[PDB]
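With TSV, C-alpha atoms and all ligand atoms inside, this is upload.tsv:
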```tsv
chain	number	residue	atom	x	y	z
R	1	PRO	CA	97.49	177.77	78.87
R	2	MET	CA	93.94	176.66	79.27
R	3	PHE	CA	90.93	178.51	77.95
R	4	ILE	CA	87.36	177.80	79.01
R	5	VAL	CA	84.19	179.23	77.46
R	6	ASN	CA	80.84	178.87	79.16
R	7	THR	CA	77.93	180.10	77.07
R	8	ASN	CA	74.16	179.89	76.72
R	9	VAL	CA	74.54	179.55	72.93
R	10	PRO	CA	73.33	176.07	71.85
R	11	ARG	CA	75.72	173.27	70.90
R	12	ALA	CA	74.34	173.31	67.32
R	13	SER	CA	75.60	176.87	66.85
R	14	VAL	CA	79.21	176.07	67.75
R	15	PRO	CA	80.84	175.68	64.32
R	16	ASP	CA	83.01	172.83	63.25
R	17	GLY	CA	86.66	173.58	63.71
R	18	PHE	CA	86.06	176.07	66.55
R	19	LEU	CA	88.23	174.28	69.09
R	20	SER	CA	91.03	174.05	66.57
R	21	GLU	CA	90.68	177.73	65.65
R	22	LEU	CA	90.79	178.67	69.34
R	23	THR	CA	93.90	176.52	69.80
R	24	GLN	CA	95.68	178.15	66.87
R	25	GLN	CA	94.71	181.71	67.81
R	26	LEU	CA	95.73	181.20	71.43
R	27	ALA	CA	99.00	179.73	70.23
R	28	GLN	CA	99.64	182.86	68.15
R	29	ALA	CA	98.51	185.26	70.88
R	30	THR	CA	100.40	183.71	73.81
R	31	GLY	CA	103.41	182.45	71.92
R	32	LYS	CA	103.04	179.02	73.36
R	33	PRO	CA	103.17	175.80	71.33
R	34	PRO	CA	99.76	174.44	70.35
R	35	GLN	CA	100.53	171.03	71.80
R	36	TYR	CA	100.31	172.55	75.36
R	37	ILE	CA	97.05	174.50	74.85
R	38	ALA	CA	93.84	173.14	76.32
R	39	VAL	CA	90.45	174.49	75.28
R	40	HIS	CA	87.07	173.69	76.77
R	41	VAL	CA	83.74	174.89	75.36
R	42	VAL	CA	80.59	174.54	77.43
R	43	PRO	CA	77.41	175.40	75.46
R	44	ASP	CA	73.73	175.24	76.38
R	45	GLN	CA	74.28	176.78	79.83
R	46	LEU	CA	71.64	178.40	82.03
R	47	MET	CA	73.12	181.91	82.32
R	48	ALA	CA	72.14	185.54	82.58
R	49	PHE	CA	74.22	188.66	82.09
R	50	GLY	CA	72.84	191.95	83.37
R	51	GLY	CA	69.56	190.20	84.15
R	52	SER	CA	69.05	189.15	80.54
R	53	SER	CA	69.31	185.69	78.93
R	54	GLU	CA	70.47	186.97	75.51
R	55	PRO	CA	73.66	185.22	74.29
R	56	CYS	CA	76.58	185.76	76.62
R	57	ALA	CA	79.75	184.03	77.69
R	58	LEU	CA	81.82	183.64	80.82
R	59	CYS	CA	85.39	182.66	80.03
R	60	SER	CA	88.66	182.03	81.84
R	61	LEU	CA	92.23	181.98	80.59
R	62	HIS	CA	94.84	180.39	82.86
R	63	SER	CA	98.46	180.81	81.92
R	64	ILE	CA	101.90	180.34	83.43
R	65	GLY	CA	102.97	183.93	82.81
R	66	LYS	CA	102.11	185.96	79.71
R	67	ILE	CA	99.39	187.57	81.86
R	68	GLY	CA	99.35	191.30	82.61
R	69	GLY	CA	97.74	194.67	81.95
R	70	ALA	CA	98.66	195.19	78.30
R	71	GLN	CA	98.61	191.51	77.34
R	72	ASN	CA	95.15	191.00	78.86
R	73	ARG	CA	93.73	193.84	76.74
R	74	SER	CA	95.17	192.18	73.64
R	75	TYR	CA	93.72	188.80	74.62
R	76	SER	CA	90.31	190.39	75.24
R	77	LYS	CA	90.23	191.98	71.80
R	78	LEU	CA	91.25	188.74	70.15
R	79	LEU	CA	88.87	186.50	72.12
R	80	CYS	CA	85.85	188.84	72.08
R	81	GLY	CA	86.29	189.16	68.33
R	82	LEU	CA	86.37	185.39	67.87
R	83	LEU	CA	83.32	184.91	70.04
R	84	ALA	CA	81.44	187.66	68.20
R	85	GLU	CA	82.37	186.32	64.76
R	86	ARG	CA	81.87	182.59	65.42
R	87	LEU	CA	79.19	182.41	68.12
R	88	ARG	CA	77.41	185.74	67.47
R	89	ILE	CA	77.93	186.97	71.02
R	90	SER	CA	78.15	190.68	71.63
R	91	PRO	CA	81.51	191.66	73.20
R	92	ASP	CA	79.77	193.65	75.91
R	93	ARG	CA	78.13	190.38	77.10
R	94	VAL	CA	81.39	188.51	77.58
R	95	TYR	CA	83.56	188.41	80.78
R	96	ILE	CA	87.04	186.83	80.64
R	97	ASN	CA	88.83	186.12	83.88
R	98	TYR	CA	92.66	186.05	83.54
R	99	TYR	CA	94.72	183.99	85.96
R	100	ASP	CA	98.52	184.05	86.12
R	101	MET	CA	99.43	180.65	87.56
R	102	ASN	CA	102.64	179.77	89.45
R	103	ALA	CA	104.27	176.82	87.65
R	104	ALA	CA	104.49	174.93	90.93
R	105	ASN	CA	100.68	175.03	91.08
R	106	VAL	CA	100.05	173.34	87.70
R	107	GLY	CA	100.15	169.55	87.67
R	108	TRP	CA	100.86	167.68	84.45
R	109	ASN	CA	102.28	164.26	83.57
R	110	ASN	CA	102.56	162.95	87.16
R	111	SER	CA	104.43	166.08	88.25
R	112	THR	CA	104.18	169.89	88.21
R	113	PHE	CA	105.90	172.46	86.00
R	114	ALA	CA	108.11	173.57	88.92
Y	1	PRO	CA	80.52	190.30	89.78
Y	2	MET	CA	79.89	186.83	88.52
Y	3	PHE	CA	78.30	184.04	90.47
Y	4	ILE	CA	78.35	180.36	89.50
Y	5	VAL	CA	76.37	177.51	91.17
Y	6	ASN	CA	77.20	173.89	90.44
Y	7	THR	CA	74.73	171.47	91.96
Y	8	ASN	CA	73.44	167.92	91.65
Y	9	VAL	CA	69.83	169.11	91.98
Y	10	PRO	CA	67.97	168.38	88.73
Y	11	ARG	CA	67.17	171.12	86.26
Y	12	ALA	CA	63.44	170.66	86.92
Y	13	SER	CA	63.90	171.66	90.54
Y	14	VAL	CA	65.47	175.01	89.57
Y	15	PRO	CA	62.49	177.35	89.87
Y	16	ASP	CA	61.51	179.82	87.22
Y	17	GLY	CA	62.92	183.28	87.88
Y	18	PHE	CA	65.88	181.92	89.86
Y	19	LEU	CA	68.49	183.64	87.68
Y	20	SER	CA	66.65	186.95	88.02
Y	21	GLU	CA	66.30	186.52	91.76
Y	22	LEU	CA	70.05	185.83	92.09
Y	23	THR	CA	70.86	188.88	89.98
Y	24	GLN	CA	68.65	191.10	92.15
Y	25	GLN	CA	69.94	189.78	95.44
Y	26	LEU	CA	73.58	190.02	94.42
Y	27	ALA	CA	73.03	193.57	93.23
Y	28	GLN	CA	71.61	194.45	96.65
Y	29	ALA	CA	74.37	192.64	98.52
Y	30	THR	CA	77.39	193.90	96.55
Y	31	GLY	CA	76.05	197.40	95.85
Y	32	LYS	CA	76.81	196.98	92.17
Y	33	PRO	CA	74.24	197.75	89.45
Y	34	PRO	CA	72.45	194.70	88.09
Y	35	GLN	CA	73.62	195.40	84.54
Y	36	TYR	CA	77.14	194.21	85.57
Y	37	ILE	CA	76.11	190.96	87.27
Y	38	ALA	CA	76.52	187.60	85.54
Y	39	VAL	CA	74.97	184.41	86.93
Y	40	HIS	CA	75.52	180.80	85.82
Y	41	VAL	CA	73.58	177.84	87.25
Y	42	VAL	CA	74.68	174.30	86.44
Y	43	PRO	CA	72.26	171.61	87.60
Y	44	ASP	CA	72.26	167.81	87.13
Y	45	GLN	CA	75.93	167.51	88.09
Y	46	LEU	CA	77.73	164.36	89.26
Y	47	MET	CA	78.93	165.52	92.67
Y	48	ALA	CA	79.65	164.29	96.16
Y	49	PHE	CA	80.06	166.26	99.37
Y	50	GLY	CA	81.52	164.39	102.35
Y	51	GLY	CA	81.30	161.18	100.31
Y	52	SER	CA	77.49	161.42	99.91
Y	53	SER	CA	75.30	162.31	96.91
Y	54	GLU	CA	72.50	164.13	98.75
Y	55	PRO	CA	71.85	167.66	97.37
Y	56	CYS	CA	74.89	169.87	97.58
Y	57	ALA	CA	76.34	172.88	95.76
Y	58	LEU	CA	79.80	174.24	94.89
Y	59	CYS	CA	79.69	177.94	94.09
Y	60	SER	CA	82.07	180.77	93.22
Y	61	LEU	CA	81.61	184.53	93.55
Y	62	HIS	CA	84.10	186.69	91.72
Y	63	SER	CA	84.03	190.43	92.35
Y	64	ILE	CA	86.23	193.48	91.74
Y	65	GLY	CA	86.46	194.50	95.39
Y	66	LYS	CA	83.69	194.08	98.00
Y	67	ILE	CA	85.37	190.82	99.07
Y	68	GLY	CA	86.66	190.40	102.57
Y	69	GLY	CA	86.25	188.79	105.93
Y	70	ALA	CA	83.01	190.29	107.14
Y	71	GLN	CA	81.54	190.82	103.69
Y	72	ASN	CA	82.09	187.16	102.86
Y	73	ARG	CA	80.24	186.06	106.00
Y	74	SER	CA	77.33	188.25	104.95
Y	75	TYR	CA	77.33	186.86	101.41
Y	76	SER	CA	77.40	183.31	102.74
Y	77	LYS	CA	74.37	183.83	104.92
Y	78	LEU	CA	72.54	185.40	101.96
Y	79	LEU	CA	73.51	182.78	99.36
Y	80	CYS	CA	73.20	179.69	101.58
Y	81	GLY	CA	69.78	181.02	102.56
Y	82	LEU	CA	68.67	181.35	98.92
Y	83	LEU	CA	69.98	177.92	98.00
Y	84	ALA	CA	68.24	176.40	101.02
Y	85	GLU	CA	64.92	178.14	100.26
Y	86	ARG	CA	64.89	177.73	96.49
Y	87	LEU	CA	66.81	174.51	95.81
Y	88	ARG	CA	66.28	172.72	99.18
Y	89	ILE	CA	70.06	172.36	99.73
Y	90	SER	CA	71.24	172.28	103.35
Y	91	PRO	CA	73.72	175.10	104.15
Y	92	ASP	CA	76.24	172.63	105.49
Y	93	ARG	CA	76.48	171.00	102.07
Y	94	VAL	CA	77.42	174.26	100.26
Y	95	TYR	CA	80.92	175.61	99.62
Y	96	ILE	CA	81.27	179.14	98.16
Y	97	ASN	CA	84.70	180.23	96.95
Y	98	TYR	CA	85.20	184.01	97.07
Y	99	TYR	CA	87.64	185.66	94.66
Y	100	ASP	CA	88.69	189.33	94.75
Y	101	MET	CA	89.73	190.10	91.20
Y	102	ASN	CA	91.98	192.88	89.98
Y	103	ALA	CA	90.30	195.04	87.33
Y	104	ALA	CA	93.28	194.43	85.02
Y	105	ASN	CA	92.47	190.68	85.10
Y	106	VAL	CA	88.82	190.97	83.97
Y	107	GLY	CA	88.18	191.29	80.26
Y	108	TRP	CA	85.00	192.73	78.87
Y	109	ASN	CA	83.97	194.41	75.62
Y	110	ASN	CA	87.30	194.05	73.80
Y	111	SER	CA	89.47	195.33	76.68
Y	112	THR	CA	89.72	195.02	80.46
Y	113	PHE	CA	88.26	197.07	83.34
Y	114	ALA	CA	91.76	198.41	84.18
T	1	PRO	CA	89.21	170.49	99.84
T	2	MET	CA	87.23	170.42	96.64
T	3	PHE	CA	88.30	168.52	93.55
T	4	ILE	CA	86.85	169.06	90.05
T	5	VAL	CA	87.46	166.93	86.97
T	6	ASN	CA	86.39	168.12	83.54
T	7	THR	CA	86.81	165.46	80.87
T	8	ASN	CA	85.62	164.54	77.40
T	9	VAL	CA	85.42	160.85	78.44
T	10	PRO	CA	81.76	159.73	78.19
T	11	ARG	CA	79.45	159.52	81.20
T	12	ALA	CA	79.27	155.74	80.78
T	13	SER	CA	83.05	155.38	81.11
T	14	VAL	CA	83.02	156.78	84.67
T	15	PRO	CA	82.98	153.82	87.08
T	16	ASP	CA	80.28	153.74	89.70
T	17	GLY	CA	81.95	154.47	93.02
T	18	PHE	CA	84.45	156.77	91.34
T	19	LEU	CA	83.29	159.71	93.51
T	20	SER	CA	83.69	157.66	96.69
T	21	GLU	CA	87.11	156.48	95.56
T	22	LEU	CA	88.15	160.05	94.86
T	23	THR	CA	86.90	161.14	98.25
T	24	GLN	CA	88.89	158.48	100.12
T	25	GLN	CA	92.10	158.96	98.14
T	26	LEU	CA	91.96	162.73	98.68
T	27	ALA	CA	91.26	162.33	102.41
T	28	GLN	CA	94.37	160.13	102.64
T	29	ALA	CA	96.50	162.46	100.50
T	30	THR	CA	95.57	165.73	102.20
T	31	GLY	CA	95.14	164.43	105.75
T	32	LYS	CA	91.68	166.03	105.97
T	33	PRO	CA	88.58	164.17	107.13
T	34	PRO	CA	86.41	162.92	104.28
T	35	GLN	CA	83.43	164.80	105.70
T	36	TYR	CA	84.98	168.03	104.30
T	37	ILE	CA	85.84	166.79	100.80
T	38	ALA	CA	83.69	167.75	97.82
T	39	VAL	CA	84.20	166.07	94.43
T	40	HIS	CA	82.68	167.08	91.09
T	41	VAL	CA	83.10	165.04	87.90
T	42	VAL	CA	82.03	166.58	84.57
T	43	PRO	CA	82.13	164.08	81.68
T	44	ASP	CA	81.06	164.37	77.99
T	45	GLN	CA	82.76	167.74	77.62
T	46	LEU	CA	83.68	169.39	74.34
T	47	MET	CA	87.42	169.69	74.88
T	48	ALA	CA	90.75	169.65	73.13
T	49	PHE	CA	94.24	169.30	74.44
T	50	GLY	CA	97.11	170.09	72.07
T	51	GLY	CA	94.60	170.48	69.26
T	52	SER	CA	93.39	166.89	69.69
T	53	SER	CA	90.08	165.44	70.94
T	54	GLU	CA	91.49	162.21	72.43
T	55	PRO	CA	90.60	161.71	76.11
T	56	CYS	CA	91.97	164.41	78.34
T	57	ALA	CA	91.15	166.06	81.64
T	58	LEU	CA	91.37	169.53	83.16
T	59	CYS	CA	91.21	169.46	86.94
T	60	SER	CA	91.28	171.79	89.92
T	61	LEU	CA	92.14	171.01	93.56
T	62	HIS	CA	91.29	173.77	96.05
T	63	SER	CA	92.49	173.38	99.64
T	64	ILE	CA	92.85	175.53	102.74
T	65	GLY	CA	96.55	174.85	103.23
T	66	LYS	CA	98.37	171.64	102.28
T	67	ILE	CA	99.25	173.23	98.90
T	68	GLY	CA	102.89	173.72	97.97
T	69	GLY	CA	105.75	172.59	95.77
T	70	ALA	CA	106.34	169.10	97.15
T	71	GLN	CA	102.71	168.39	98.08
T	72	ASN	CA	101.56	169.33	94.59
T	73	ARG	CA	103.91	166.83	92.98
T	74	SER	CA	102.65	164.01	95.20
T	75	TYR	CA	99.06	165.07	94.48
T	76	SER	CA	99.77	165.09	90.75
T	77	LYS	CA	101.20	161.53	90.83
T	78	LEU	CA	98.20	160.25	92.75
T	79	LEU	CA	95.54	161.96	90.67
T	80	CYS	CA	97.18	161.38	87.31
T	81	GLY	CA	97.55	157.76	88.34
T	82	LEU	CA	93.90	157.44	89.29
T	83	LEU	CA	92.59	159.14	86.17
T	84	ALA	CA	94.82	156.93	83.99
T	85	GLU	CA	93.80	153.78	85.86
T	86	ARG	CA	90.05	154.47	86.03
T	87	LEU	CA	89.14	156.72	83.07
T	88	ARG	CA	91.92	155.54	80.72
T	89	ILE	CA	93.30	159.08	80.27
T	90	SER	CA	96.98	159.40	79.45
T	91	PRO	CA	98.74	161.40	82.20
T	92	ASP	CA	100.29	163.76	79.69
T	93	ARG	CA	96.75	164.79	78.69
T	94	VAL	CA	95.86	166.08	82.20
T	95	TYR	CA	96.21	169.56	83.72
T	96	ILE	CA	95.64	170.02	87.48
T	97	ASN	CA	95.37	173.56	88.81
T	98	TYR	CA	96.20	173.79	92.56
T	99	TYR	CA	94.72	176.64	94.61
T	100	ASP	CA	95.60	177.48	98.20
T	101	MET	CA	92.50	179.16	99.60
T	102	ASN	CA	92.38	181.47	102.60
T	103	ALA	CA	89.79	180.28	105.11
T	104	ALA	CA	88.08	183.69	105.08
T	105	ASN	CA	87.38	183.24	101.34
T	106	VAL	CA	85.59	179.89	101.70
T	107	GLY	CA	81.92	180.09	102.68
T	108	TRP	CA	80.10	177.15	104.23
T	109	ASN	CA	77.06	176.73	106.46
T	110	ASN	CA	75.99	180.45	106.48
T	111	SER	CA	79.42	181.72	107.40
T	112	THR	CA	83.03	181.21	106.42
T	113	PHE	CA	85.79	179.02	107.82
T	114	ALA	CA	87.63	182.10	109.18
L	201	LIG	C1	99.24	175.93	79.67
L	201	LIG	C2	100.76	175.91	79.81
L	201	LIG	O1	101.33	174.82	79.75
L	201	LIG	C3	101.60	177.19	80.08
L	201	LIG	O2	102.85	177.07	80.13
L	201	LIG	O3	100.96	178.27	80.24
L	201	LIG	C4	98.56	175.98	81.09
L	201	LIG	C5	98.64	177.17	81.85
L	201	LIG	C6	98.04	177.31	83.11
L	201	LIG	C7	97.35	176.22	83.66
L	201	LIG	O4	96.78	176.40	84.92
L	201	LIG	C8	97.27	174.99	82.97
L	201	LIG	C9	97.88	174.88	81.69
L	202	LIG	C1	81.38	191.89	87.97
L	202	LIG	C2	81.88	193.29	87.90
L	202	LIG	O1	82.04	193.78	86.78
L	202	LIG	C3	82.35	194.08	89.14
L	202	LIG	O2	82.10	195.32	89.14
L	202	LIG	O3	82.92	193.44	90.06
L	202	LIG	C4	82.54	190.94	87.74
L	202	LIG	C5	83.53	190.83	88.74
L	202	LIG	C6	84.62	189.93	88.65
L	202	LIG	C7	84.72	189.11	87.50
L	202	LIG	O4	85.80	188.23	87.41
L	202	LIG	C8	83.79	189.20	86.46
L	202	LIG	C9	82.69	190.08	86.56
L	203	LIG	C1	87.85	171.67	101.74
L	203	LIG	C2	88.17	172.11	103.12
L	203	LIG	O1	87.22	172.44	103.81
L	203	LIG	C3	89.63	172.28	103.67
L	203	LIG	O2	89.83	172.01	104.87
L	203	LIG	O3	90.53	172.64	102.87
L	203	LIG	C4	87.78	172.92	100.82
L	203	LIG	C5	88.97	173.64	100.56
L	203	LIG	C6	88.98	174.79	99.74
L	203	LIG	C7	87.75	175.20	99.18
L	203	LIG	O4	87.78	176.28	98.38
L	203	LIG	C8	86.54	174.54	99.41
L	203	LIG	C9	86.55	173.39	100.24
```
Could you render the structure as C-alpha cells?
Ligand SMILES: *[C@@H](C(=O)C(=O)O)c1ccc(O)cc1
Ligand SMILES: *[C@@H](C(=O)C(=O)O)c1ccc(O)cc1
Ligand SMILES: *[C@@H](C(=O)C(=O)O)c1ccc(O)cc1
Amino acid sequence: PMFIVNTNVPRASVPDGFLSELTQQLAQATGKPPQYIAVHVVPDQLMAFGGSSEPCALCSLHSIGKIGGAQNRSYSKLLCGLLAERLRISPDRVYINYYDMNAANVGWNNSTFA
Amino acid sequence: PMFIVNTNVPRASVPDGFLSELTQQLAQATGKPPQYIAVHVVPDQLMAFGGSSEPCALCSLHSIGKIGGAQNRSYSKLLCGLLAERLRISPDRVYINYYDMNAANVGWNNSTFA
Amino acid sequence: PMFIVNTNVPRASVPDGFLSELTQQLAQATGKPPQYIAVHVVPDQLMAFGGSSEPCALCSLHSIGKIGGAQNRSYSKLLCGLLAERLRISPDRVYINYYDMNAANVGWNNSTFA
C-alpha cells in the first residue's frame, strides 16, 4: 500500500512523527506489514476545494486488494480523522481516491508482485 | 471532480484567479456544482515532453461519471485552450488523463460517496 | 507513455540529462517514438517507505498498450536499475505502478488519441 497526501497546509504545520503515525495506522487498518507501506506527504500546494483556498487535502490510497465498499468507508473515517486531528483539515474538504491494484501492475525490487 | 495540472511553467507565470477560473470552467463543462470541484496546480516542475524542456503540462481529471469518448474530446478542447491562453503552453505538449471513478472508491467527509 | 518519479533524494542528486536518459530508455523499452514520451521527476519529497526516510522512490508508468505481466517485469528491471545506478536508490525501496490507458481517456492537442 501507498498513501499520498497533497495539501495546501504549510510544511511547518506537519507535525514531527506524522509519516510514522500514518505508517502505523495504515498498517493497523489494512493489515499489511509496516515495512511494505509507503507514505508521501506533499504540503504547501496551490489548491482549491469548492472554489475556496481554506485548508484541504487530495489523497490517494493504492493497495493490492483490501479495497472495497465497506473497507473504503473505514479507511475514510480513519484517514479523515487523522488529517483533522494532526493537520486541522475539515473532513468535508478532503477527497481520497482508492485504487485496487492488480499485483502484476506493481513493480518492486526489479520485478512485479505477480 | 478533481483536476490536477503539473507543469514546468514557473509559479510567477500562473495568473491570479487561475484556480477560480478552472473551478468555474469545470463546473460548466461537467455540469457539477462548483462546491464539489477540487483543483490542484503544481508549477516549477522538472519535466520533459518529447525529450524537450519547453513548457508542457501533465494533467488528470477524475470524475464520478461524465467521462467518455465524446465528453473527453470536449474537455480536452476546453482545458488545452485554457492552458494555452493562461499559461502559454502549446496544446501538443499537454497530456490529460481521464479517470471515471466509482462512487465507492471516492472518500469524503468520513465515508465514501457510495 | 508518461513516466513519473517521486523521490526524497535531493534536487542536487539528480544528474543533468537524467530526463533525456529516461526518455531514450523508455522509447527503447516500450517501442514508442520519443516524441510521445513525457517524463516528470519530483525530488526533495517528504516520504517514507517501510517507516524509514532513507532514499526511496514511488513511480508511475502510464502507457496506451504495452502493459502486461511480462512487459511489466522487464520495465521494472530497467527502471529499478536506472534509479539505483543514477539516484543511488536501493531497488527494494521503489514502487512502480503500471497503468494501461485506453486511448479515448488520454487527451492531447485539443482532442484525444481515440
Ligand atoms: C503496498 C503493497 O505492497 C500491497 O501489497 O498492497 C502497495 C500497494 C499498491 C501499490 O500500487 C504499491 C504498493
Ligand atoms: C468530484 C465529485 O465529487 C463528482 O461528483 O464527480 C470528484 C470526482 C472524482 C474524484 O476521484 C474526486 C472528486
Ligand atoms: C504516451 C503515449 O502517447 C502512448 O502511445 O502510450 C502516453 C501514454 C499514456 C498516457 O496516459 C499519457 C501519455
Go through T:47, T:71, T:112, T:101 one by one, measure the shortest atom-to-atom distance of each to chain R using only C-alpha atoms, and give the residue with the smallest value. T:47
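Atom to atom, atom CA of residue R:2 and atom CA of residue R:19 stand 11.9 Å apart.
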I'd like the superposed chain Y, fitted onto chain T by least squares over all Cα atoms in order, as a JSON list (two decimals) with C-alpha atoms, in the coordinates of the input.
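As written to disk, result-v1.json reads:
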```json
[["chain", "number", "residue", "atom", "x", "y", "z"],
["Y", 1, "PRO", "CA", 89.15, 170.53, 99.88],
["Y", 2, "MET", "CA", 87.22, 170.40, 96.67],
["Y", 3, "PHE", "CA", 88.27, 168.57, 93.56],
["Y", 4, "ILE", "CA", 86.75, 169.05, 90.10],
["Y", 5, "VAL", "CA", 87.43, 166.91, 86.97],
["Y", 6, "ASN", "CA", 86.33, 168.09, 83.55],
["Y", 7, "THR", "CA", 86.82, 165.48, 80.86],
["Y", 8, "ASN", "CA", 85.64, 164.50, 77.40],
["Y", 9, "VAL", "CA", 85.32, 160.84, 78.45],
["Y", 10, "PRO", "CA", 81.65, 159.80, 78.25],
["Y", 11, "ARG", "CA", 79.55, 159.42, 81.37],
["Y", 12, "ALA", "CA", 79.25, 155.67, 80.73],
["Y", 13, "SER", "CA", 82.99, 155.25, 81.10],
["Y", 14, "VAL", "CA", 82.97, 156.81, 84.60],
["Y", 15, "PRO", "CA", 82.96, 153.71, 86.79],
["Y", 16, "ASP", "CA", 80.59, 153.21, 89.67],
["Y", 17, "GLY", "CA", 82.12, 154.23, 92.99],
["Y", 18, "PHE", "CA", 84.48, 156.75, 91.36],
["Y", 19, "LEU", "CA", 83.27, 159.68, 93.47],
["Y", 20, "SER", "CA", 83.71, 157.62, 96.64],
["Y", 21, "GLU", "CA", 87.15, 156.47, 95.57],
["Y", 22, "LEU", "CA", 88.22, 160.08, 94.90],
["Y", 23, "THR", "CA", 86.88, 161.17, 98.28],
["Y", 24, "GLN", "CA", 88.82, 158.41, 100.05],
["Y", 25, "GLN", "CA", 92.05, 159.00, 98.21],
["Y", 26, "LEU", "CA", 91.95, 162.76, 98.68],
["Y", 27, "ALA", "CA", 91.27, 162.29, 102.38],
["Y", 28, "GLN", "CA", 94.36, 160.09, 102.63],
["Y", 29, "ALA", "CA", 96.50, 162.46, 100.57],
["Y", 30, "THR", "CA", 95.51, 165.77, 102.21],
["Y", 31, "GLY", "CA", 95.10, 164.42, 105.75],
["Y", 32, "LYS", "CA", 91.68, 166.01, 105.98],
["Y", 33, "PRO", "CA", 88.60, 164.07, 107.17],
["Y", 34, "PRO", "CA", 86.39, 162.81, 104.37],
["Y", 35, "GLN", "CA", 83.37, 164.70, 105.69],
["Y", 36, "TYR", "CA", 84.97, 167.97, 104.40],
["Y", 37, "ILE", "CA", 85.83, 166.77, 100.89],
["Y", 38, "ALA", "CA", 83.72, 167.75, 97.89],
["Y", 39, "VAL", "CA", 84.17, 166.11, 94.48],
["Y", 40, "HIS", "CA", 82.64, 167.10, 91.12],
["Y", 41, "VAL", "CA", 83.08, 165.06, 87.93],
["Y", 42, "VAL", "CA", 81.97, 166.51, 84.60],
["Y", 43, "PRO", "CA", 82.09, 164.05, 81.71],
["Y", 44, "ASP", "CA", 81.02, 164.37, 78.05],
["Y", 45, "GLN", "CA", 82.73, 167.74, 77.65],
["Y", 46, "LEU", "CA", 83.75, 169.41, 74.38],
["Y", 47, "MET", "CA", 87.49, 169.75, 74.95],
["Y", 48, "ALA", "CA", 90.80, 169.73, 73.15],
["Y", 49, "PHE", "CA", 94.30, 169.30, 74.55],
["Y", 50, "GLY", "CA", 97.19, 170.16, 72.22],
["Y", 51, "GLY", "CA", 94.65, 170.59, 69.40],
["Y", 52, "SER", "CA", 93.43, 166.96, 69.64],
["Y", 53, "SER", "CA", 90.19, 165.45, 71.00],
["Y", 54, "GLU", "CA", 91.61, 162.21, 72.42],
["Y", 55, "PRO", "CA", 90.72, 161.68, 76.12],
["Y", 56, "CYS", "CA", 91.98, 164.47, 78.32],
["Y", 57, "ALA", "CA", 91.06, 166.12, 81.62],
["Y", 58, "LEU", "CA", 91.25, 169.60, 83.17],
["Y", 59, "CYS", "CA", 91.06, 169.46, 86.95],
["Y", 60, "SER", "CA", 91.24, 171.81, 89.93],
["Y", 61, "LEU", "CA", 92.07, 171.08, 93.57],
["Y", 62, "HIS", "CA", 91.24, 173.79, 96.06],
["Y", 63, "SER", "CA", 92.44, 173.36, 99.63],
["Y", 64, "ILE", "CA", 92.86, 175.47, 102.78],
["Y", 65, "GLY", "CA", 96.59, 174.82, 103.16],
["Y", 66, "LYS", "CA", 98.38, 171.56, 102.24],
["Y", 67, "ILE", "CA", 99.26, 173.14, 98.88],
["Y", 68, "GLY", "CA", 102.85, 173.64, 97.88],
["Y", 69, "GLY", "CA", 105.71, 172.57, 95.71],
["Y", 70, "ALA", "CA", 106.37, 169.07, 96.92],
["Y", 71, "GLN", "CA", 102.81, 168.38, 98.01],
["Y", 72, "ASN", "CA", 101.54, 169.31, 94.56],
["Y", 73, "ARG", "CA", 103.95, 166.87, 92.90],
["Y", 74, "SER", "CA", 102.63, 164.15, 95.19],
["Y", 75, "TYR", "CA", 99.00, 165.02, 94.43],
["Y", 76, "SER", "CA", 99.71, 164.99, 90.71],
["Y", 77, "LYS", "CA", 101.19, 161.52, 90.79],
["Y", 78, "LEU", "CA", 98.19, 160.32, 92.81],
["Y", 79, "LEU", "CA", 95.49, 161.99, 90.70],
["Y", 80, "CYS", "CA", 97.04, 161.37, 87.27],
["Y", 81, "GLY", "CA", 97.41, 157.75, 88.35],
["Y", 82, "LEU", "CA", 93.72, 157.46, 89.28],
["Y", 83, "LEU", "CA", 92.57, 159.14, 86.09],
["Y", 84, "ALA", "CA", 94.82, 156.86, 84.04],
["Y", 85, "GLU", "CA", 93.61, 153.70, 85.82],
["Y", 86, "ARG", "CA", 89.92, 154.54, 86.07],
["Y", 87, "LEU", "CA", 89.18, 156.74, 83.05],
["Y", 88, "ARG", "CA", 92.00, 155.57, 80.70],
["Y", 89, "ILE", "CA", 93.34, 159.15, 80.31],
["Y", 90, "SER", "CA", 97.07, 159.49, 79.63],
["Y", 91, "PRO", "CA", 98.87, 161.56, 82.31],
["Y", 92, "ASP", "CA", 100.33, 163.85, 79.69],
["Y", 93, "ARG", "CA", 96.84, 164.94, 78.68],
["Y", 94, "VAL", "CA", 95.86, 166.08, 82.22],
["Y", 95, "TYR", "CA", 96.27, 169.55, 83.73],
["Y", 96, "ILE", "CA", 95.53, 170.02, 87.46],
["Y", 97, "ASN", "CA", 95.34, 173.57, 88.80],
["Y", 98, "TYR", "CA", 96.19, 173.81, 92.51],
["Y", 99, "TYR", "CA", 94.71, 176.63, 94.60],
["Y", 100, "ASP", "CA", 95.64, 177.42, 98.22],
["Y", 101, "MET", "CA", 92.60, 179.19, 99.61],
["Y", 102, "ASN", "CA", 92.40, 181.49, 102.59],
["Y", 103, "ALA", "CA", 89.83, 180.33, 105.15],
["Y", 104, "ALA", "CA", 88.20, 183.78, 105.00],
["Y", 105, "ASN", "CA", 87.48, 183.19, 101.28],
["Y", 106, "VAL", "CA", 85.60, 179.87, 101.69],
["Y", 107, "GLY", "CA", 81.94, 180.06, 102.64],
["Y", 108, "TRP", "CA", 80.11, 177.20, 104.24],
["Y", 109, "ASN", "CA", 77.03, 176.83, 106.44],
["Y", 110, "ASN", "CA", 76.00, 180.50, 106.46],
["Y", 111, "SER", "CA", 79.47, 181.89, 107.26],
["Y", 112, "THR", "CA", 83.10, 181.30, 106.30],
["Y", 113, "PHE", "CA", 85.86, 179.12, 107.80],
["Y", 114, "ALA", "CA", 87.70, 182.26, 109.04]]
```
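Comparing the minimum interatomic distances between residue Y:37 and each of R:53, R:24, R:60, R:90, counting only C-alpha atoms, we find that R:53 sits nearest.
When only C-alpha atoms are used to compute distances to residue Y:83, the closest of the residues Y:1, Y:98, Y:114, Y:55 turns out to be Y:55.
Shortest separation to ligand LIG 203 (chain L) among T:9, T:38, T:80, T:26 occurs at residue T:38, atoms counted being only C-alpha atoms and all ligand atoms.
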